[PDB]
């Protein structure tokens, strides 16, 4: 596998604050950019290992990138390029958030200083709340995307049969802002055309679980990104067979096996 990066994973390294790769960050101004409000780019410092896949991450309603900023160095340290975006306006709806995520992936691959590092063919989207609804809208508009990770997603549109991208939805059991019964689970069941999908429900988690570092969220986010952006079968272990409910995991749904 030419896309394979890093040593054979361990559970502890997945929960660890940093993966093996050293990371560097580049700021992006709102004025220097078209289609979104700017953001921050996190990348592996090591030129030698090879080009790396990339993920664009969007915050929710009224929030800035800093509300999810811990994800940038954590994900990138495992061998990915991350662009965390600021929105055009803080009142942007999920549909607008999805198009801005796509514009951020365009800026990163086409114009950014780190474009040579990124493999433009292997890209993904993630987001929190309306940003989570946005990653579904981005996956709808760009089926070439390799992975999609809505986190506590919020969207009025409940039906997503157009998505073919492997999608992992992460929900909080006790979420009252975007309740999983009305948002996350309807999204999951409607993804009748996703090549693979999974639903991860975090035990006793409020809507704001992504605003703080959470090892279980990071572990499955990294394993999904490795499996589908990098085609890395070494990480399928955590995804399949499916995890059973535990201290952090109240419920898990999946489409195992991953063929």
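Positions refer to the first chain, counted from 1.
Student: Regarding 112 to 120 and 163 to 171, which shows the higher C-alpha temperature factor on average in the entry?
Tutor: Between 112 to 120 and 163 to 171, it is 112 to 120.
Student: Which wins on mean Cα temperature factor, 224 to 232 or 22 to 30?
Tutor: 22 to 30 has the higher mean C-alpha B-factor.
Student: With respect to C-alpha B-factor, does residue 4 fall in the lowest, middle or highest third of the chain as deposited?
Tutor: It belongs to the middle third of the chain when residues are ordered by C-alpha B-factor.
Student: Can you tell me which third, lowest, middle or highest, the CA B-factor of residue 53 falls into for its chain?
Tutor: According to the entry, residue 53 has a C-alpha B-factor in the chain's lowest third.
Student: Could you say whether, by C-alpha temperature factor, residue 36 belongs to the lowest, middle or highest third of its chain?
Tutor: CA B-factor rank for residue 36: highest third.
Student: Sort the modelled residues of this chain by their C-alpha B factor and say whether residue 186 lands in the lowest, middle or highest third.
Tutor: Within its chain, residue 186 is a lowest-third residue by C-alpha B-factor, going by the deposited values.
Student: Ranking the modelled residues of this chain by C-alpha B-factor as given in the entry, is residue 129 in the lowest, middle or highest third?
Tutor: Ranked within chain, residue 129 CA B lands in the lowest tercile.
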